[PDB]
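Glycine also receives a Cβ, built like all others from the backbone with ideal geometry; neighbour counts cover every protein chain displayed. Read the figures in this text as sums done on the coordinates, not as results from a lab.
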Amino acid sequence: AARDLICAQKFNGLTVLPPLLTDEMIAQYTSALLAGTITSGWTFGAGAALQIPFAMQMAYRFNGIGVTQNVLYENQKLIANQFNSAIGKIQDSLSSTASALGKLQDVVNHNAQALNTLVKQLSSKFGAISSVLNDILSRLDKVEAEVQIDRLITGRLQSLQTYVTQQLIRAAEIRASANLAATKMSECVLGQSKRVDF
Amino acid sequence: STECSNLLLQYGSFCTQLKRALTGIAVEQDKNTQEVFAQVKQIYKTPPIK
Amino acid sequence: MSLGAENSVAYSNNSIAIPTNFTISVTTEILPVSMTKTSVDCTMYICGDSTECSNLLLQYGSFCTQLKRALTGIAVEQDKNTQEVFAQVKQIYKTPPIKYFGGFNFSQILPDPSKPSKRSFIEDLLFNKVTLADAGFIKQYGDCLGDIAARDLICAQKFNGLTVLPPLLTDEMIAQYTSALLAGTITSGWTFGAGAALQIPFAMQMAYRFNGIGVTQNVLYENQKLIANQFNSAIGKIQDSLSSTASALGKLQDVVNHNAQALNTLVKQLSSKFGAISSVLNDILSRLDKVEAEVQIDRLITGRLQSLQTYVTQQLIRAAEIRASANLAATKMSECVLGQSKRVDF
Amino acid sequence: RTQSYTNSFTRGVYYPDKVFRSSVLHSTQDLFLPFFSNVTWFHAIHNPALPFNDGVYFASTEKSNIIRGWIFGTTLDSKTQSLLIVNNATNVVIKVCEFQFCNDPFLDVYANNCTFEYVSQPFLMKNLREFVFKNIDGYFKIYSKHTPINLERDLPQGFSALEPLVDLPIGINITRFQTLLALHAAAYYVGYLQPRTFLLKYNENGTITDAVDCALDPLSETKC
Amino acid sequence: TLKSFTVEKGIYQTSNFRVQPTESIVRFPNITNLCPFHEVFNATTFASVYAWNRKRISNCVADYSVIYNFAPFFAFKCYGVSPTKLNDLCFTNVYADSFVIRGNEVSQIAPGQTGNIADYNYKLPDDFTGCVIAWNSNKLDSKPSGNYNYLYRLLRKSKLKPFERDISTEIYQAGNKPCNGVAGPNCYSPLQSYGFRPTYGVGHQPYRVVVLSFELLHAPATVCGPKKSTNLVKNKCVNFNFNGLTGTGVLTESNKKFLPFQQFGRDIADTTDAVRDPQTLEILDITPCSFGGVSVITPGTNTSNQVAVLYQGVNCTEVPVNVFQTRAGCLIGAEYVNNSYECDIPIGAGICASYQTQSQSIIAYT
Ligand SMILES: *[C@@H]1O[C@H](CO)[C@@H](O[C@@H]2O[C@H](CO)[C@@H](O)[C@H](O)[C@H]2NC(C)=O)[C@H](O)[C@H]1NC(C)=O
Ligand SMILES: *[C@@H]1O[C@H](CO)[C@@H](O)[C@H](O)[C@H]1NC(C)=O
Ligand SMILES: *[C@@H]1O[C@H](CO)[C@@H](O)[C@H](O)[C@H]1NC(C)=O
Ligand SMILES: *[C@@H]1O[C@H](CO)[C@@H](O)[C@H](O)[C@H]1NC(C)=O
Ligand SMILES: *[C@@H]1O[C@H](CO)[C@@H](O)[C@H](O)[C@H]1NC(C)=O
Ligand SMILES: *[C@@H]1O[C@H](CO)[C@@H](O)[C@H](O)[C@H]1NC(C)=O
Ligand SMILES: *[C@@H]1O[C@H](CO)[C@@H](O)[C@H](O)[C@H]1NC(C)=O
Ligand SMILES: *[C@@H]1O[C@H](CO)[C@@H](O)[C@H](O)[C@H]1NC(C)=O
């Protein structure tokens, strides 16, 4: 077809490295967490996984709220049907609307867009006679081409420093969000939380 | 270009610290994923009865 | 890579698993709080007592005033971090001279008056494990003036205008704050964090702690010697692990290492030309006339100013990360030490 | 003459400039002899000209001082000025002239466009003597070292830094050379320099005691 | 520093103190001979371009103000130095290259240029330092019948490296048929005469060119000019001038082991750390004389005008540009008390200061 943007980024010295954990390993970790929190309750996050029936685990989780356990055992089909309807509505909400996961899309989009900017700065002159290095080298003698190449080197070094600083600030923000997500995984999934709106 | 490299060598160690910063970010991303998802000691499995 | 051992828990409709015995486990969590406070003189760094370089640097505006303001803000922020983490207790509590606390051995974590800096045994091991990189809090200009053996890196940092400021709280003050927190935690419980310290025997305090996690308090009183032995054995295992393996404090070592390495880089950038004819300012001022040496000096000034701005920006980002870790450490000190936390994995 | 081939064994490092450095690792990019190279051992009992390829490392172990000098140049049959090294055991004559030699140079031991002339201290004084000759920008540079060795079987293992002696601004398009032998026999090693990057370690006495060649193997590239 | 007429309570990093130098030392070698520029700049005739004359200048006093009195030139064009600073600093060796070219080719004697002279006859290096002096010689190198005594090469098989000379004349061949020493078809002699005439234009006149190439100071310096040496004093912050390199600092006798070919010593930041005196073979260490930071501890302007001064990181027996010794420097103007209060103005390692009633005064405590 035509020249892709990623091919131009690869040809200009920009590389994307793959992550250490594949998506299958993340899925295996998620499945292990789900199986533990379904079969054993919160006990797998505090030592050995101790099995418990799910209705009894849910009665424990109602005593954690303030409601006595006779409410669940006398209404178990109602909580079961309400949970089934609520989890079936998630699929219908995710099969149509494409605006819930947009935050994750932003984690894609900036990481593309900044890279695209790092290609466009190769087309700038920065006060030199041309943006092509070989045109400067062939069109001028040693001293004048040294001056123009120094101008281009200063401009491209400034662009690269700007990119690295923006990546560092975004990395700090992503690390804060990852610390929050690790706390939420530790406290909501592996236990029951009394913190309001957490 | 050889002349550009020979003039870039006179600018010091900006490239080394830029490479070090990007390497630190790339290590930190994997550390973030590991500290979020890898929280279980054993890979539990659900029983065949559902 | 392997994610872990495969396990299949035997779930059933009417089967439960209930423990019949326990272990008491003491684990170790290391958190950075503060880092090294530095100050940079631009006239000594960029120019180095040259009058012509100073007169050309005066035309560049107020870059160095805002660099000095940023570094002073970071230096104030480090002392604020240390004061926020450690200095939360109101009074300096002391333990009674008789060290009996229900059979629990606290001799490893309580100070002794043998050494001048009143630190515990584990604190001595922690202070000996982390190797400092000879920061400039100690006076060294008398040592740098007398040339012995070879030139040090710290002497070159001092001679090129880079100074390290000492922290406000010394090591014995932080040790005394920590000893006050230990004395309050052992003697009073969680009562000293909510007002006046109210005494309670340690067996009754630990029975309250057992009653907080859902275990009835008759379990402790019928298993007191076993729990005391388990606590003492865990403390001894922490002693052995700190005496044997020397790679558990490395996060704090990183707080040392970067704060040396970046400074070393800031000296190496004085060896660069940045497109000029020489990296020495006096050779430029001697070889050429006024206009050409002014052009070369402008090239050197622009390069050194760019390197100094990169150093200050990296220090600002590192200070933000260190402040986040210090806020986490202050929250953990307020929630784990001054009380009991129901947050799982916290 | 008889040719054998020998490993260089991390040998042939010289001081890059006349500046004292101590307790620091310095990176240089000069004409160096690469590590673990393929040097040629020459036994002389019988002489085609040896090529001069961007500098020559010469090593000798002659105790009785049979070896005497070199005929760097291009034609080596008079007709030019060329380059000449003659030792009289009290002086060195680096007069750029001729002596009307044939293809076999020799020396019998019992001024026609003279541009340059220089007289100095004696040049050639368990007797491994190493020299490095290089030609950069019309300048002829010579480095030298004396080292005692234990057993004379090949080039020894270790680091012996080479120190400069003599700098000459003449020699003009040197491409071949021949080595003088005087008979009233030879065991000389020849190696070829290459443009290489080195990482040199200076100790507290200012002596180069260790070096890393940044293009030998990937571990040394990691070290550099 | 605060750019205001009222200050608030606290510690302010105000300025930096440096011990000013007092004396000046100039150290030059004790060489008395005078350099022979007279037999270089004016002579009977100059050599051709292909056989350019090289003269080595060493071990003499080099005066460059007498160069203008020898030849009537305009442009003393220099590349690594300036013509007005050639007397202060000084070098190892000078080399004078003399030839005669045409006026079109004066621009060809420059670093990083191609053409006919710079490619096949006389090539300057790209990192060349020194000066090129060219002046018109129509009244000395021209004849009405033509001056055919100056020769230049047309073409060569290969390019010319910097600072090489070609003398031998070989008949060029640009074909498969060999010349065999015969200048027949496709066989041309390389050397051709200029043929200078007085009736020619102003760009085709002969021009005498002398290129003075100085090599930089790495060896002991041998050739440089009339700067009067000064006696050497030590253990004092002075302005030193060693062989042309200037600086400010304290010179101390040392125990460094220089090898006999070494002259200087560098640092991690590539500044001079040790130097060798050119008169007596002695090794001296240069250290910067004492300097540091100065901070001002004050209460508010509405309270009082009393201040205290903290000199940061000095064992202050070297105070000038109540005395209390802290670990953060030392304090002037604050009285240490054997008491303990809350920290008002933070200073250093456990020491704070305040403005107290015990006659109001600034006190410092732990
Ligand atoms: C509960 O566990 C503890 C140790 O975790 C057991 O205590 C040990 O018991 C053995 C006897 O089988 C003794 O030899 C050890 O000296 C005991 N250790 C300590 C530290 O006291 C205890 O017996 C267990 N209790 C039950 C009911 O199983
Ligand atoms: C509960 O589990 C047991 C064992 O798997 C099974 O026999 C029983 O039928 C289950 N109960 C229901 C209601 O499915
Ligand atoms: C345990 O306590 C005793 C005193 O009750 C003390 O002598 C001993 O040293 C302590 N154990 C350790 C390991 O310090
Ligand atoms: C040097 O080259 C010769 C050429 O034949 C070869 O036989 C010999 O093995 C080489 N020496 C090495 C690789 O050490
Ligand atoms: C430097 O030389 C001295 C003089 O012999 C010697 O004592 C010292 O050990 C040397 N330093 C080294 C080898 O590091
Ligand atoms: C220069 O001074 C030194 C020491 O005073 C002396 O040895 C030397 O002979 C002097 N040089 C001349 C040319 O007089
Ligand atoms: C240069 O030297 C020659 C040789 O004696 C002389 O004739 C000529 O006058 C000198 N030039 C000047 C300007 O004195
Ligand atoms: C340096 O300071 C210490 C600390 O008081 C002092 O004992 C020593 O004499 C000082 N050194 C001097 C004044 O040379």
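Here are some pairs, A:142/E:157; C:251/D:223; A:194/C:80; D:145/E:157; which of them have Cα atoms lying more than 27 Å apart in this structure? Mind dumping the intermediate values first?
Numbers: A:142/E:157 24 Å; C:251/D:223 25 Å; A:194/C:80 31 Å; D:145/E:157 39 Å.
Flagged as over cut-off: A:194/C:80; D:145/E:157.
Search the structure for amide H atoms under 5 Å from the amide H of residue E:248, placed 1.01 Å from N in the peptide plane, and list their residues when 5 or more places away or on another chain.
Amide H to amide H, under 5 Å and 5 or more residues apart or across chains, residue E:248 pairs with E:240.
Given a 10 angstrom Cα cut-off, can you work out which residue in C:248, C:330, C:319 is the most mobile in a GNM of chain C?
Judging by the Gaussian network model, the answer is C:248.
Return one number: the angle in degrees, 0 to 90 and rounded to the nearest 10, between the long axis of the Cα atoms of helix B:14-37 and the longest principal axis of the Cα atoms of chain B.
So the helix axis and the longest Cα principal axis differ by about 0 degrees.
Each label point is 7 Å from the Cα along the Cα-to-Cβ direction; what then is the distance between the points at residue E:149 and residue D:163, in nm?
Between residue E:149 and residue D:163, the label points sit 5.1 nm apart.
Once both labels are modelled 7 Å past Cα along the beta-carbon direction, what's the residue C:194-residue C:251 spacing in nm?
3.0 nm
Where does helix C:290-332 land angle-wise versus the long Cα axis of chain C, in degrees 0 to 90, nearest 10?
10 degrees
Just to confirm the filter: which GluC sites (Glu not before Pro) across segment C:15-87 are DSSP coil and have at most 11 other Cβ within 10 angstrom of their Cβ?
C:29
Distance between the C-alpha centers of segment A:134-163 and segment B:1-38? Whole Å please.
A separation of 22 Å, based on Cα centres.
Looking at chain E, what % of its DSSP beta bridges pair antiparallel, to the nearest 5?
90 percent
Tell me, C:101, D:123 in order of fewest to most beta-carbon neighbours within 10 Å?
The most exposed by this proxy come first: C:101, D:123.
Taking every residue in D:197-210, how many Cβ atoms of other protein chains lie within 10 Å of its Cβ, on average?
That works out to 1 on average.
Taking +1 at the Cβ of each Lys and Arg and -1 at the Cβ of each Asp and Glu, which of C:206, C:47, C:33 sits farthest along the dipole of chain C towards its positive end, judged by Cα position relative to the Cα centre?
Among C:206, C:47, C:33, the one farthest towards the positive end of the dipole of chain C is C:206.
Calculate the dipole size of segment E:224-366 relative to its Cα centre from +1 charges on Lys and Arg beta carbons and -1 charges on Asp and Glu beta carbons; express the result in debye to the nearest 20. Show your work: numbers first, answer last.
On the way: 9 positive and 11 negative charges, 116 e Å.
It comes to approximately 560 debye.
Relative contact order (percent) for chain C, with alpha-carbon contacts under 8 angstrom and 6 or more residues of separation?
About 31 percent, as a whole number.
With a ≥ b ≥ c the root eigenvalues of the C-alpha gyration tensor of chain E, is it rounded (a/c under 1.5), prolate (a/b larger than b/c) or oblate?
Prolate.
Report, in listed order, any pair from E:77/E:159; C:118/E:9; A:77/B:45; D:18/E:257; A:10/A:120; A:89/B:45 with a Cα-Cα distance greater than 22 Å.
Values: E:77/E:159 26 Å; C:118/E:9 34 Å; A:77/B:45 26 Å; D:18/E:257 13 Å; A:10/A:120 14 Å; A:89/B:45 27 Å.
The answer is E:77/E:159; C:118/E:9; A:77/B:45; A:89/B:45.
Which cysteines does chain C leave without a neighbouring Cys Cβ under 4.7 Å?
Isolated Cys, chain C: C:336.
Would you please name the GluC sites (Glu not before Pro) within segment E:1-79 that are DSSP coil residues with at most 15 other C-beta atoms within 10 Å of their C-beta?
Taking segment E:1-79 and a limit of 15 other Cβ atoms within 10 Å, the loop GluC sites (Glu not before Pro) found are E:8, E:23.
Can you tell me, using C-alpha contacts under 8 Å and at least 6 residues apart, the relative contact order of segment E:127-204 as a whole percent?
42 percent
Specify whether the C-alpha gyration tensor of segment E:112-169 places it in the rounded, prolate or oblate class, a ≥ b ≥ c being the square roots of the eigenvalues: rounded for a/c under 1.5, otherwise prolate if a/b is larger than b/c and oblate if not.
oblate
How high is the relative contact order of segment E:1-160, in percent, with contacts defined as C-alpha pairs under 8 Å that are six or more residues apart? Numbers along the way, then the final one.
Details: 160 pairs, mean separation 40.7, N = 160.
It rounds to 25 percent for segment E:1-160.
Could you tell me which trypsin sites (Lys or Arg not before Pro) in segment C:21-100 are loop residues by DSSP with no more than 13 other beta carbons within 10 angstrom of their beta carbon? Please report the intermediate quantities before stating the final value.
On the way: sites: C:37, C:68, C:69, C:80, C:90, C:94, C:99; in loops: C:90, C:94, C:99.
Sparse-neighbourhood loop trypsin sites (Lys or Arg not before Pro): C:90, C:94, C:99.
With the cut-off at 1.5 for a/c, could you classify segment E:114-230 from its C-alpha gyration tensor as rounded, prolate or oblate?
Judged from the Cα gyration tensor, segment E:114-230 comes out oblate (a/c at least 1.5, b/c at or above a/b).
By DSSP, what percent of the beta bridges with both residues in the protein assembly as shown are antiparallel, rounded to the nearest 5?
Percent antiparallel among DSSP bridges in the protein assembly as shown is about 90.
Based on alpha-carbon centroids, what's the gap between segment D:173-219 and segment C:188-267 in Å, whole number please?
Centre-to-centre (Cα) distance: 61 Å.
Based solely on its DSSP helices, what 222 nm [θ] is calculated for the protein assembly as shown when runs of n ≥ 4 H residues each add -39,500 (n - 2.57) and the sum is averaged over all residues, nearest 500 deg cm²/dmol?
-9500 deg cm²/dmol
Can you put E:60, C:53 in order, fewest other beta carbons within 10 Å first?
Fewest-to-most Cβ neighbours within 10 Å comes out as E:60, C:53.
What residue among C:238, C:322, C:148 shows peak mean-square fluctuation when chain C is described by a Gaussian network model with Cα springs under 10 Å?
Sorting by GNM fluctuation, first place goes to C:148.
If each Cα of segment E:180-291 is one equal point scatterer, what is log10 of I(q)/I(0) from the Debye formula at q = 0.13 Å⁻¹?
For the requested q values the scattering log ratios are -0.64.
Each residue of segment E:361-366 in order: what ³J(HN,Hα) in whole Hz does its phi give by Karplus 6.51 cos²θ - 1.76 cosθ + 1.60, θ = phi - 60°, with x for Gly and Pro?
For segment E:361-366, the Karplus curve yields 7, 7, 10, 10, 9, 9 Hz.
Quick one: what are the phi-derived ³J(HN,Hα) couplings along segment A:178-191, Karplus 6.51/-1.76/1.60 with θ = phi - 60°, whole Hz, x for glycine and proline?
So the Karplus estimates, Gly and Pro as x, are 5, 5, 5, 5, 5, 5, 5, 5, 6, 9, 8, 7, 8, x Hz.
Residue E:43 versus residue A:97, label points 7 Å from Cα toward the beta carbon: distance in nm?
For the pair residue E:43/residue A:97, the computed spacing is 9.5 nm.
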